[PDB]
Amino acid sequence: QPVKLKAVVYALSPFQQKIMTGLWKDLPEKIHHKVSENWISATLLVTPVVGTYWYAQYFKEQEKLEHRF
Amino acid sequence: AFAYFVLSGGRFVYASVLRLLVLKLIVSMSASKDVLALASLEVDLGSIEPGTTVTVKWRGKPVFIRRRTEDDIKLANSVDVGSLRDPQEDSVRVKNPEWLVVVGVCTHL
Amino acid sequence: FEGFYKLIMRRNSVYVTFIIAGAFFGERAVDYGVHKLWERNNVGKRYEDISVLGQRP
Amino acid sequence: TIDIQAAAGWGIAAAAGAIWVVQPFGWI
Amino acid sequence: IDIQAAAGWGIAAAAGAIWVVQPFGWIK
Amino acid sequence: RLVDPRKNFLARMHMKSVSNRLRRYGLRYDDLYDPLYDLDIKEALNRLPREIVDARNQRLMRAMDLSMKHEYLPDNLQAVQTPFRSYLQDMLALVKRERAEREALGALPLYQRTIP
Amino acid sequence: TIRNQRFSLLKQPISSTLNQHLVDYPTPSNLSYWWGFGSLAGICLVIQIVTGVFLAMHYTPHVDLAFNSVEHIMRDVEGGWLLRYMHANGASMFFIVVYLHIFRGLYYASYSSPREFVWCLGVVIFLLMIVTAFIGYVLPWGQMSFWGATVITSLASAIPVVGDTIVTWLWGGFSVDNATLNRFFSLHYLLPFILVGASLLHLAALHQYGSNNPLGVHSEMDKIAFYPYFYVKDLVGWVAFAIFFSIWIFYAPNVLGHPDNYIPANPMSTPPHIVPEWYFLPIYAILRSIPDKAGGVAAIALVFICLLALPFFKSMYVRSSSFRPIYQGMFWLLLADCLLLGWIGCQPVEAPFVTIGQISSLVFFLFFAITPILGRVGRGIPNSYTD
Amino acid sequence: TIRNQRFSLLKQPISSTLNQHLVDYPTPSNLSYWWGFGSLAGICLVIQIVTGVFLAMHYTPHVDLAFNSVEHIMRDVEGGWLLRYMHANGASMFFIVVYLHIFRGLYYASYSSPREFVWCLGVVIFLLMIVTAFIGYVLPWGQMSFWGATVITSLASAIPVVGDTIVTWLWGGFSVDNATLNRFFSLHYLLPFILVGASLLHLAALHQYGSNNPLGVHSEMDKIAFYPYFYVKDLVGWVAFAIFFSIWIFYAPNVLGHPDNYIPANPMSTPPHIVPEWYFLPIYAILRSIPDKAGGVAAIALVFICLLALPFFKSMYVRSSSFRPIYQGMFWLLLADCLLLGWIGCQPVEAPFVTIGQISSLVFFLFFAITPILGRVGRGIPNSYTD
Amino acid sequence: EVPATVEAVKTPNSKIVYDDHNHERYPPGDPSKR
Amino acid sequence: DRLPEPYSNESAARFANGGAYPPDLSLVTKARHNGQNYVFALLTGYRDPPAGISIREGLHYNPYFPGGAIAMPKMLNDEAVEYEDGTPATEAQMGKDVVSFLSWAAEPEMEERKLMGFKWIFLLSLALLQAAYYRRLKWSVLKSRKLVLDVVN
Amino acid sequence: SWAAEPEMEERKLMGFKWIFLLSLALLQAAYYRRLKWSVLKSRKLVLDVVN
Ligand SMILES: COC1=C(OC)C(=O)C(C/C=C(\C)CC/C=C(/C)CC/C=C(\C)CC/C=C(\C)CC/C=C(\C)CC/C=C(\C)CCC=C(C)C)=C(C)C1=O
Ligand code: HEM
Ligand code: HEM
Ligand code: HEM
Ligand code: HEM
Ligand code: HEM
Ligand SMILES: COC1=C(OC)C(=O)C(C/C=C(\C)CC/C=C(/C)CC/C=C(\C)CC/C=C(\C)CCC=C(C)C)=C(C)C1=O
Ligand SMILES: COC1=C(OC)C(=O)C(C/C=C(\C)CC/C=C(/C)CC/C=C(\C)CC/C=C(\C)CCC=C(C)C)=C(C)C1=O
Ligand SMILES: COC1=C(OC)C(=O)C(C/C=C(\C)CC/C=C(\C)CC/C=C(\C)CC/C=C(/C)CCC=C(C)C)=C(C)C1=O
Ligand code: FES
């Protein structure tokens with residue numbers, strides 16, 4: 001079923017705009033946004049992997065030293 | 001009522017044909033006659049040192065051999081049969097006091 | 001770039017031949033250059049650089 | 001009178017492509 | 001109509017299993 | 001009640017996080033309800049006035065444009081957003097209440113989902 | 001309009017079906033690059049089929065010639081090393097792309113209504129992919145191939161009464177031998193074509209309602225044609241994938257594999273370390289987490305039961321994790337847990353990996369048991385969070 | 001109507017395309033039993049795929065094992081003789097029902113407008129069927145497998161410049177050897193799945209206009225549903241074909257072939273009577289009649305050019321041979337010529353068979369030369385025969 | 001009050017401003033970059 | 001002709017080597033973890049066992065071998081070979097040379113593979129820049145569009 | 001003769017049984033087709049046209 005919309009849209013031709021310079025425009029703010037929104041998500045993905053890996057190396061090292069005469 | 005009888009008659013054949021063609025396909029993957037031919041043989045063995053094992057060969061299956069020492073048998077004869085998931089004494093498994101012969105394939109996979 | 005546009009981009013048939021030529025000549029130019037870097041990075045390690053080559057008794 | 005020019009320009013494209021996929025420089 | 005039909009199809013499925021797989025000897 | 005923000009401080013942060021996320025795109029929480037998700041929703045949407053649906057459809061188009069552009073609502077527009085101003089929940093409850101009444105009396109359903 | 005004359009050739013009956021499903025199909029304008037992995041998986045499937053057809057012109061499915069025919073591909077046929085490495089590492093690229101594809105649908109709740117059948121067809125495709133890649137890995141007939149085929153056919157023995165007769169029917173004998181290899185080759189040719197049909201039905205289910213979008217909202221008010229907008233966006237991913245694929249092919253063609261499969265299969269000696277390919281390790285870890293034969297096999301089936309039942313849980317009406325903070329957090333924990341399970345399957349079965357494997361398996365199943373609770377509880381969010 | 005509720009399950013989106021294309025599709029009510037060989041051809045294709053897949057689980061594509069693995073199927077595989085005979089004779093059955101399918105179309109002018117794409121897709125299907133059948137016949141690696149392949153892979157040498165280059169690339173060497181057999185096996189697995197896809201396109205292209213009928217007239221006023229009227233009409237033909245097939249499988253399993261394929265291939269000696277399968281004989285007799293290698297290959301191509309060009313010749317507006325008595329007799333002469341060409345093909349090259357083949361090849365091509373002029377003359381029939 | 005869309009349809013504007021977060025326009029009247 | 005076999009079959013090899021099979025060396029650097037370094041370290045790594053470790057007669061201690069007991073004896077004694085070019089054939093020199101030979105034998109396509117990889121990764125990188133520009137050129141009309149709507153909140 | 005065709009006896013016994021069964025299925029199939037088509041084949045069609 002079609003929607004029934006009322007809007008005004010202005011568009012400029014692709015051959016009247018700069019195409020690539022927008023990739024490195026306000027670069028610091030982009031990084032700021034990415035770390036600000038996603039630091040909780042990155043912690044919930046990185047902490048269990050690194051924590052479990054670190055414990056396994058910690059376990060294997062001690063177990064290797066108890067069996068050593 | 002009459003037409004149901006006539007139609008059921010040919011449905012007996014239709015189901016029978018379906019059964020045959022499917023079962024022929026399935027059974028063609030079962031073990032072939034030459035594969036079943038090589039399914040029985042016996043070999044002879046020698047000897048080894050006290051405390052080591054030498055894998056031997058059969059159909060596609062290895063067989064383990066382990067002549068056990070005295071303290072080895074003491075160890076193997078101090079296990080609670082109740083605590084075992086498969087309660088069995090070492091003397092039942094062995095036809096010799098020290099010579100332990102067993103099919104060397106894990107019963108898991 | 002409009003002078004270039006007037007000779008090559010005006011007709012697709014020419015512009016297609018331009019892409020086939022550039023695929024040919026571009027590929028050959030990269031082939032030579034990668035081989036020159038490999039020769040310059042591996043001095044003395046080639047089969048023609050075996051000193052006793054041809055002298056096996 | 002362009003169809004003859006489009007034919008001639010697409011034949012040149014076909015000939016360049018053929019010399020490009022098969023590169024028979026050792027055979028010429 | 002719901003339990004009767006369920007038992008009827010359950011009978012049909014069991015007969016079909018006995019018909020496709022014929023384990024006459026597994027009755028031990 | 002654990003879900004009530006006036007009592008549970010974790011529910012307060014939950015509301016704040018959701019409200020901040022909706023505000024960035026100009027969306028209301030009811031705009032996240034899709035007619036395709038559930039037939040009760042599209043029955044409720046059809047019962048709402050044209051002006052309500054037009055504003056919802058416009059807020060959805062505005063958010064999609066922002067989402068496409070990787071940009072947010074300007075901060076002077078975010079200040080006037082009303083993320084939890086409701087227009088759909090009361091109608092949706094009524095529609096579901098009428099469906100339960102039909103079921104309790106053995107009536108046929110007024111609308112059914114197609115089997116995909 | 002009355003179609004007396006002929007307009008655009010795309011709308012003629014010769015090309016109308018192709019035009020309306022590939023050129024003009026409406027797509028949500030705010031799709032991100034995470035929506036480019038369906039076409040990447042389609043390309044990987046084509047790459048596997050094309051290279052495998054040409055590899056099958058040189059491979060001999062016989063236990064006395066299989067290993068040497070692969071070595072003859074790598075040594076004698078012109079460009080044979082490339083066909084082999086594009087096929088062996090292509091299966092890895094097939095599974096990386098499809099895994100990213102799956103977690104995209106998990107993050108944005110793309111499995112929810114009305115797209116339950118799309119997810120269900122995808123789960124079947126995953127099963128078809130696993131079987132297809134597994135039996136293919138047996139074909140070189142190395143040490144990993146032989147002992148890998150031994151245990152997975154033995155999986156049927158977990159059934160008490162008819163388990164042993166299924167295992168032997170699968171083998172075609174009393175052991176993994178030429179009968180197993182020859183039938184694995186035949187099934188490995190057929191299954192990819194069934195994968196093609198399944199992915200076509202998968203796509204047709206998706207076109208019933210259109211694609212989901214990162215906001216998870218109704219998207220009919222802002223849609224654009226697939227061509228050229230998402231063709232050129234997919235083309236960016238296709239080239240990026242080619243660079244990624246080429247690094248593996250030319251500079252590291254053996255890191256995603258084990259050296260044990262360069263030893264011809266020896267039925268007498270197991271290798272000390274026996275593992276599947278990396279894309280199967282998370283299933284491997286869940287299997288060994290259970291200290292019971294039937295328990296382990298039942299857990300493996302319950303993995304695909306939970307995936308199939310996921311779209312049918314009574315959930316809240318919000319799809320995307322960008323508006324679901326608790327579900328968003330649980331998704332990243334599931335992703336970390338899945339990475340942990342794959343690493344555990346790569347380890348020998350001893351302390352502390354048994355305890356870690358058992359906890360990782362439990363947390364994986366906790367994701368699917370808790371999600372219906374979340375939607376059920378979050379149904380009351382609008383009535384509790386008021387303006 | 002407003003589809004608020006769910007009506008018949010067949011009309012729901014899960015099964016609407018099967019309902020519309022298979023079950024409810026309108027069909028002319030006066031179709032004869034000649035219109036039931038299209039489904040038979042599809043069933044023959046399915047049998048070949050199913051038996052071929054299970055035969056490939058036991059066959060080895062190596063020159064040192066191919067002949068003996070086919071003998072191992074006939075002897076050791078439980079049910080192997082039936083799989084091999086259902087496939088070897090199924091190939092003959094495939095070509096019988098397709099030849100009757102083709103001649104049905106020629107008699108009723110089924111190639112005429114608006115179904116030219118249907119006929120063109122059929123001709124492509126015929127070419128794929130020939131290639132699939134030929135490379136499959138090489139798989140047993142008997143005497144006729146080896147010498148049949150040596151000829152056809154040499155058909156490329158008629159090209160002057162690159163003819164020898166194509167032959168050796170086709171062979172994979174300098175003679176027919178293991179590289180040729182290994183590549184024929186891979187292509188023999190892949191071509192039937194392309195053949196399935198082409199038949200699906202063929203069926204779709206026909207359904208754009210519906211089938212032609214014996215009267216050759218507009219049939220919209222008397223159309224009925226395919227199910228169950230032409231389902232039970234086709235089922236009668238399916239059961240009769242099963243009887244016909246069973247007689248070949250169980251009582252004459254080897255009369256359709258030649259005993260020479262039961263001798264293992266010998267590259268040194270040459271069988272004094274080298275012939276193809278019987279369904280390639282008419283083409284093979286056309287090739288033999290031209291006393292020039294290049295001319296013979298040109299004539300074989302001209303056969304498929306003539307077939308592809310039939311639908312596009314300006315013709316009269318009447319379709320059925322039931323109202324075109326000259327085209328009717330013209331058709332019955334072609335069928336006798338086609339039967340003559342097959343018989344001549346089995347005969348060796350000597351008098352009088354050389355001349356008979358040359359006249360018979362002439363009579364075959366005269367059909368496609370005299371067909372267009374007959375339409376140009378026949379367009380004036382209504383003016384001439386007035387009331 | 002008059003809705004924003006109605007004002008735009010009633011008042012053609014020769015000073016159109018485009019969204020410049022992703023792309024910056026060339027100055028008006030510049031030659032096309034084709 | 002292939003390089004000749006020392007024994008007639010695997011059982012003959014085991015009979016000549018105390019029941020142990022000298023493996024085929026065509027793929028050994030690909031058939032072991034860290035294979036090139038493994039083969040070098042194993043050949044040059046024969047030494048005395050650690051205190052309290054005894055080795056069964058007929059076996060030699062090598063810590064790089066798993067288990068530490070290898071049926072191979074030390075074979076790379078100094079001047080065990082004489083070179084054609086005039087390189088001092090020490091244990092370490094022969095160990096280096098024989099692994100270069102074995103590594104090439106496992107992967108004779110490496111040089112062609114590496115020349116192909118550098119060429120195409122560079123070219124595909126160029127296409128990725130053009131792919132990005134092409135995508136951005138097509139989408140610019142959408143990304144810079146100005147949308148006017150009636151709604152406020 | 002037996003060495004070339006060791007399956008002749010099993011193959012022959014299958015042929016007689018299944019051709020007998022398939023012939024019976026042909027009779028049922030003929031009756032089924034004609035039963036289903038009888039409503040169509042016996043119908044009386046009245047139109048206005050003559051020539
Ligand atoms: C006495 O002597 C004779 C016989 O002996 C007994 C005969 O039996 C016959 C009868 C035989 C026939 C009628 C069959 C002949 C006709 C055909 C078409 C041959 C069938 C065709 C072939 C065998 C050729 C097979 C084709 C190939 C190998 C093509 C290979 C190419 C492939 C697969 C793809 C090409 C690759 C690319 C384009 C690269 C990219 C591809 C991608 C997929 C990405 C005759 C006449 C005869 O006088
Ligand atoms: C060979 C394997 C697969 C192929 C070729 C494939 C192909 C596709 C394509 C082309 C799309 C639409 C475009 C896109 O969203 O990228 C899609 C969407 C989807 N796929 Fe698959 N897919 C595969 C595997 C899977 C699997 C294994 C699953 C789940 C277990 C799955 C679930 C989905 C879902 C839910 C969508 C809709 C996503 C949305 O609209 O946001 N797919 N698939
Ligand atoms: C119809 C298409 C296909 C054919 C004909 C085919 C054929 C083959 C052949 C002949 C081999 C053995 C040669 C070799 O080891 O490299 C092989 C190996 C393999 N195939 Fe396929 N294949 C096909 C599709 C696929 C697909 C779709 C997958 C992935 C799901 C796949 C995964 C593999 C894997 C993992 C191997 C083992 C690679 C190795 O370790 O060497 N193949 N295939
Ligand atoms: C595997 C091979 C083929 C299959 C599976 C197949 C299948 C079918 C089917 C199911 C139909 C509709 C039902 C019918 O009229 O029987 C049909 C119609 C037709 N086929 Fe085939 N066919 C095959 C080969 C061919 C070939 C080789 C030709 C011509 C060279 C051809 C030409 C036609 C034509 C002209 C029709 C329309 C007939 C009419 O409308 O009266 N087909 N085909
Ligand atoms: C994907 C499906 C198919 C597969 C896997 C397949 C595979 C095989 C195999 C393994 C053989 C050798 C076993 C034997 O000698 O009987 C064979 C033979 C043969 N196949 Fe197929 N086939 C397929 C489809 C077809 C089709 C569609 C045709 C018909 C056009 C065909 C015609 C033949 C013929 C004529 C032989 C030789 C029979 C003989 O002389 O023994 N096959 N095929
Ligand atoms: C420079 C000369 C040689 C080289 C480079 C070489 C290389 C190798 C390699 C790579 C292995 C594999 C060890 C493993 O599996 O980890 C091995 C094992 C072996 N080699 Fe050699 N070898 C040489 C000479 C010899 C000689 C001369 C003999 C016998 C006189 C011999 C007998 C063995 C045996 C018996 C083994 C297996 C030992 C075991 O597994 O316990 N090798 N060799
Ligand atoms: C050390 O251990 C292990 C391995 O080893 C190294 C492995 O690799 C794997 C990897 C395997 C996984 C993840 C599961 C594979 C799953 C399935 C379902 C494969 C089973 C299918 C097979 C063998 C072929 C299918 C055959 C059929 C359908 C018969 C055909 C018959 C007809 C058509 C009639 C695991 C878990 C493992 O623990
Ligand atoms: C009115 O029009 C119609 C006809 O004309 C008068 C017909 O004659 C028929 C009957 C004949 C048919 C359907 C021919 C079979 C179809 C094709 C395309 C020929 C070859 C098909 C093959 C080999 C099928 C393989 C495809 C598969 C298995 C697809 C996967 C699907 C499943 C496993 C379910 C039908 C239904 C029809 O309506
Ligand atoms: C809006 O629409 C579209 C999408 O959004 C949902 C897409 O994601 C894509 C891109 C992805 C696609 C089409 C994935 C489909 C892949 C499949 C089914 C697996 C690989 C494909 C094969 C083998 C082709 C099968 C199709 C045909 C006709 C067989 C014949 C083809 C060949 C022999 C090459 C496209 C083109 C599209 O338009
Ligand atoms: S097979 Fe030894 S434990 Fe699984």
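We count ligands from 1, going down the list as the structure has it; atoms in each ligand are counted the same way. Naming: A, B, ... by sequence-line order, numbering from 1 per chain. No hydrogens, no waters, no symmetry mates; every other heavy atom, side chains included, goes into these values.
- Per-atom contact check: atom 27 (C) of ligand 9 does not touch the protein, criterion being a heavy-atom distance below 4.0 Å.
- Of the options H:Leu287, H:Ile130, H:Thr132, the smallest heavy-atom separation from atom 16 (C) of ligand 1 is shown by H:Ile130.
- Distance screen at 4.0 Å: atom 9 (C) of ligand 9 has a protein heavy-atom neighbour inside the cut-off.
- Atom 7 (C) of ligand 1 has as its closest protein heavy atom H:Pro276 CG, 3.3 Å.
- For atom 41 (C) of ligand 1, the nearest protein heavy atom is 4.0 Å or more away.
- For atom 36 (C) of ligand 1, the nearest non-hydrogen atom from the set G:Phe54, H:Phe280, H:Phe184, H:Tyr137 belongs to G:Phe54.
- At a 3.5 angstrom cut-off on N or O pairs, G:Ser199 does not count as close to ligand 9.
- With ligand atoms numbered from 1 in the order given, ligand 5 contributes 2 (C) to contacts under 4.0 Å with heavy atoms of H:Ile49.
- Side-chain atoms of H:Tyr284 and H:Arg288 include a donor-acceptor pair closer than 3.5 Å.
- Summary of contacts: the protein heavy atom closest to atom 24 (C) of ligand 1 is H:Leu170 CD2, 4.0 Å.
- Donor-acceptor pairing under 3.5 Å is lacking for the side chains of G:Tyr59 and H:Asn182.
- Closest approach of H:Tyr262 to H:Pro264, counting heavy atoms only: O-CD, 3.9 Å.
- Ranking protein heavy atoms by distance to atom 19 (C) of ligand 1, first place goes to H:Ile152 CG2, 3.5 Å.
- When only non-hydrogen protein atoms are considered, atom 44 (C) of ligand 1 lies nearest to G:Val50 CG1, 3.9 Å.
- In terms of protein heavy-atom proximity, atom 25 (C) of ligand 5 is nearest to H:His87 CE1, 3.6 Å.
- Atom 46 (C) of ligand 1 is approached by the protein to below 4.0 angstrom, counting heavy atoms only.
- Distance CG/H:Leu281 to CD1/H:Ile344: 10.5 Å, rounded to 0.5 Å.
- Of all atoms in ligand 1, numbered sequentially from 1 with element shown, those under 4.0 Å from a heavy atom of H:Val275 are 6 (C).
- Closest heavy-atom approach to atom 25 (C) of ligand 9 within the set G:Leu200, G:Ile47, G:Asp234, G:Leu22: this belongs to G:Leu200.
- In this structure, atom 18 (C) of ligand 1 lies nearest to the protein heavy atom H:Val131 CG2, 3.6 Å.
- Annotation: atom 5 (O) of ligand 1 to nearest protein heavy atom, H:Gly148 CA, 3.2 Å.
- Contact annotation: the side chain of H:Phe304 approaches that of H:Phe126 to within less than 4.5 Å [non-hydrogen atoms, C-beta and beyond].
- Scanning G:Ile49, G:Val196, G:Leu201 for the heavy atom closest to atom 23 (C) of ligand 9 points to G:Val196.
- The distance from ligand 1 to the heavy atoms of H:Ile274 drops below 4.0 Å at these ligand atoms: 1 (C), 6 (C).
- By the definition of a contact as any protein heavy atom under 4.0 Å away, atom 6 (C) of ligand 9 is in contact.
- Near H:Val151, the atoms of ligand 1 lying under 4.0 angstrom from a non-hydrogen atom of the residue are 2 (O), 3 (C), 47 (C), 48 (O).
- Only side-chain heavy atoms of H:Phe185 come within less than 4.0 Å of ligand 5; its backbone N, CA, C and O stay farther off.
- For G:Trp34, the CH2 atom is loosely surrounded, since the number of other residues' heavy atoms within 6.0 Å does not exceed 12.
- Within the 4.0 Å cut-off (strictly below), a protein heavy atom is located near atom 33 (C) of ligand 1.
- Distance from atom 31 (C) of ligand 1 to its nearest protein heavy atom, with residue and atom name: H:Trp169 CH2, 3.9 Å.
- Of all the atoms in ligand 1, the ones that sit under 4.0 Å from a non-hydrogen atom of H:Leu187 are 27 (C), 28 (C), 33 (C).
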